[PDB]
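K.L.:
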Amino acid sequence: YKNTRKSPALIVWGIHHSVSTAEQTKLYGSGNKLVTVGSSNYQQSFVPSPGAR
Amino acid sequence: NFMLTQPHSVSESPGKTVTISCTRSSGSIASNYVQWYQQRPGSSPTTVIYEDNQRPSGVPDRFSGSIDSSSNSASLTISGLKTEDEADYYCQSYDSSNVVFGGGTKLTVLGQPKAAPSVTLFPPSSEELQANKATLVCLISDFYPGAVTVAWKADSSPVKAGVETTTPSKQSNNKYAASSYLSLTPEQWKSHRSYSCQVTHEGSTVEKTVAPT
Amino acid sequence: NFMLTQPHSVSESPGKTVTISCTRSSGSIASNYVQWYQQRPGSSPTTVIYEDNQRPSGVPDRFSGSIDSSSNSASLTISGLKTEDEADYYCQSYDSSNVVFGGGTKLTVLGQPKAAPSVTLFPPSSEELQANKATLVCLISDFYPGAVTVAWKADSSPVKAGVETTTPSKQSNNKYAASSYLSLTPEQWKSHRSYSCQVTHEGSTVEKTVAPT
Amino acid sequence: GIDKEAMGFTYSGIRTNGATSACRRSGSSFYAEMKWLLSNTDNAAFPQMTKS
């Protein structure tokens, strides 16, 4: 996404922590899951932590 | 939605190991959870597997779940069969808001050697042809295990309308018997060239044919 | 507590590849580290493998340790045998506060073809019976590789009571010979009908038996 | 000050007696208020658990 506007844009997003790896693999497929986010200022990467809450 | 397909008949000797497969028509098998229910005759079903491999507390460790994404199949597996494992086994899966049940599988622990069924196929009596009715009788006796599949064919072609098939019941000699009655009208009876009753047992087919006069 | 079990002799030709196995009777082999020590004849041991696959400084990278959870056993695999690798090999593991050593494996690099033992069992001399003493002599000779499992059997039953067994020695013909002595009392000698000496070599057993009169 | 209360956790099929000679209560011991959970000595595998 490119912010074409004159004001800073509030970008929000979620990372899903499924109840179990079984649930995680059933929804988003098997294998190690990984989400990265990057800009000029901000950079951060995320891996899901499945488990019971 | 989709449909699940298990074999009708599975048999093995005590202590041996069976597998009951369950194949999904549409959609991957690993896109939702699969169950395995068991129904011992005369009792409600109980669940021996959930989330495709998980045993409820109180289910012997010989039961296992599995998922083969290549064949799009989910497979129950029973090690060291007991005599109390003889039941019907239904697989189950899920879609948008739809709960799909497998056809059911009859698991037989062999207590006597297998015996192919004996088929005796009768035409309609001329007296019923006077009542403007027509009924075909396919009598199936002395088979073990107690699982059969009855298919009728109108001269070369499956006919499923008007068929009534009995659930196999044990005879006097610890072998199973069944019946299958195809209902027709005399105009359809004299119409075709021949009528057949196909009984399928343990992967073998015994076909018998009858004809007008 | 538990115990580790090794084979008595592992044999192969120069340059070939051996694997010495070390099976743990109780508890997982994987629940602790497994060490391998090497005792060259007449000298103190050194270590070859620690933490189940790690080699210290100066050990040829031919030596490779492994672990097998299914067989519940370890493995010491040597590639490209050299005549300097002939020694005794002990695995080692550990429990709560107790370190358990394996039985020992006699690694033999073949320099001649395998020879089966030549056994001869002498009963006690009647002169000896005058001293109220009984001595049975089981003499083994001309086997290769040198490793022997002597089992004494009074009339059907294992007797490890009075046995004293020499460690094999290099014969003049570059083969191995050893002796056994079951010390008894003339009552026990005259009690049972037969006294056997069973020698086991390459999983192949030979029985020589004596009897009074 | 602090008042302590048991949480009533019960473990099955694993080792709960982890200790070391660094926390030495006349022998290899561990923190009084914690439990060093280990794999079962029989099968070296730690199952997924849920304690609440």
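Protein chains in written order, with the authors' numbering: chain A, 159 to 211; chain I, 20 to 232; chain L, 20 to 232; chain C, 107 to 158.
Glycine is no exception: its CB is placed at the ideal position from the N, C-alpha and C atoms.
If we cut at 8 angstroms on Cβ distances, does I/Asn51 have a partner in chain A?
P.N.:
For I/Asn51, the answer is yes, since a Cβ of chain A falls inside 8 angstroms of its Cβ.
K.L.:
Taking the CB atoms as reference points, tell me whether I/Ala197 and I/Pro187 lie closer together than 8 angstroms.
P.N.:
Cβ distance < 8 angstroms, so I/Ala197 and I/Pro187 count as in contact.
K.L.:
If you run the structure through DSSP and keep just helix, strand and coil, what is I/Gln217?
P.N.:
In this structure, I/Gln217 counts as strand in the three-state DSSP scheme.
K.L.:
May I ask which residues mark the beginning and end of the alpha helix (DSSP H) holding A/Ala180?
P.N.:
Per DSSP, A/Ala180 belongs to the alpha helix (DSSP H) from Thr179 to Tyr186.
K.L.:
Any chance you could list the beta strand (DSSP E) runs of at least 3 consecutive residues sitting entirely within the segment 83-119 of chain I, in chain order?
P.N.:
DSSP runs (the beta strand (DSSP E)) wholly in the segment 83-119 of chain I: 92-97 and 107-113.
K.L.:
Please determine, among I/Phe141, I/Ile39, I/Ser32 and I/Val128, the residue with the shortest C-alpha to C-alpha distance to I/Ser202.
P.N.:
Here the closest residue by C-alpha is I/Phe141.
K.L.:
Nearest by alpha-carbon distance to I/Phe21: which of I/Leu126, I/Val78 and I/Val118 is it?
P.N.:
The residue with the shortest Cα to Cα distance from I/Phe21 is I/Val118.
K.L.:
Which runs of the alpha helix (DSSP H), 4 residues or longer, sit entirely within the segment 53-82 of chain I?
P.N.:
As far as the segment 53-82 of chain I is concerned, it has no whole alpha helix (DSSP H) run of at least 4 residues.
K.L.:
For L/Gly77, would you say it is in contact with chain C, using Cβ-to-Cβ distances shorter than 8 angstroms as the test?
P.N.:
Chain C contact via Cβ: absent.
K.L.:
Going by C-alpha to C-alpha distance, which of L/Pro177, L/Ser144, L/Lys152 and L/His220 sits closest to L/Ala230?
P.N.:
For L/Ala230, the nearest C-alpha among the options comes from L/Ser144.
K.L.:
Would you list, in chain order, the members of the segment 116-150 of chain C that have their beta-carbon closer than 7 angstroms to a beta-carbon of chain L?
P.N.:
Here the close residues are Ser145, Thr147, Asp148, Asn149 and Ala150.
K.L.:
If we count the other Cβ atoms within 10 Å of its Cβ and call it buried at 16 or more, is L/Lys125 buried or exposed?
P.N.:
Burial call: buried.
K.L.:
With a Cβ-Cβ cutoff of 8 angstroms, do L/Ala106 and L/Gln58 count as a contact?
P.N.:
Yes. Within cutoff.
K.L.:
What in chain I is Cβ-close to A/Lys184, meaning under 8 angstroms?
P.N.:
Correct list: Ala49, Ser50, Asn51 and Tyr52.
K.L.:
Which complete beta strand (DSSP E) runs does the segment 148-232 of chain L hold, if anything under 3 residues is left out?
P.N.:
153-162, 168-173, 182-184, 195-203, 214-220 and 223-229, all fully within the segment 148-232 of chain L.
K.L.:
Can you tell me whether DSSP reads I/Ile39 as helix, strand or coil?
P.N.:
Three-state result, I/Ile39: strand.
K.L.:
Helix, strand or coil: which one does DSSP assign to C/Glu111?
P.N.:
Three-state DSSP puts C/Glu111 in coil, outside helix and strand.
K.L.:
Is it right to say I/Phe162 is buried, meaning 16 or more other beta carbons lie within 10 angstroms of its own, or is it exposed?
P.N.:
Buried is the call here.
K.L.:
Strictly under 8 angstroms for the Cβ-Cβ distance: is A/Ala210 near chain I by that measure?
P.N.:
Chain I, which has no Cβ nearer than 8 angstroms to the Cβ of A/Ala210, makes this no.
K.L.:
Can you tell me whether I/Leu95 is buried or exposed, with buried defined as 16 or more other CB within 10 angstroms of its CB?
P.N.:
So I/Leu95 counts as buried.
K.L.:
Per DSSP, what are the beta-bridge partners of C/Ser134 in this structure?
P.N.:
Answer by DSSP bridge pairing, in chain order: C/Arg130.
K.L.:
Would you call A/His174 buried or exposed, if buried means 16 or more other Cβ atoms sit within 10 Å of its Cβ?
P.N.:
Classification for A/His174: exposed.
K.L.:
From L/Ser90 to L/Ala49, what distance separates their C-alpha atoms?
P.N.:
Going from the Cα of L/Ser90 to the Cα of L/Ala49 covers about 11 angstroms.
K.L.:
I need the boundaries of the beta strand (DSSP E) containing C/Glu139, first residue and last residue.
P.N.:
Note, C/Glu139: premise wrong, no beta strand (DSSP E); not H, not E.
K.L.:
Hey, C/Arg121 and C/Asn146 are a contact pair by Cβ (cut 8 angstroms); roughly how many whole angstroms apart?
P.N.:
Confirmed, about 6 angstroms.
K.L.:
Could you please give the first and the last residue of the uninterrupted beta strand (DSSP E) stretch that includes A/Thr162?
P.N.:
Here A/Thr162 belongs to no beta strand (DSSP E), and DSSP marks it neither H nor E.
K.L.:
Chain A beta carbons: is any one of them nearer than 8 angstroms to that of I/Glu226?
P.N.:
It does not; no Cβ of chain A falls within 8 angstroms.
K.L.:
If you drop the 5 nearest sequence neighbours on each side, which residues of the same chain put their C-beta closer than 7 angstroms to that of I/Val182?
P.N.:
So the list reads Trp171, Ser199 and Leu201, once near-sequence residues are dropped.
K.L.:
What span of residues does the beta strand (DSSP E) with A/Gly196 cover, start to end?
P.N.:
Run containing A/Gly196: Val193 to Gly196, per the beta strand (DSSP E) assignment.
K.L.:
With 16 as the cutoff for other CB atoms within 10 Å, does L/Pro136 come out buried or exposed?
P.N.:
Buried: at least 16 other Cβ atoms inside 10 Å.
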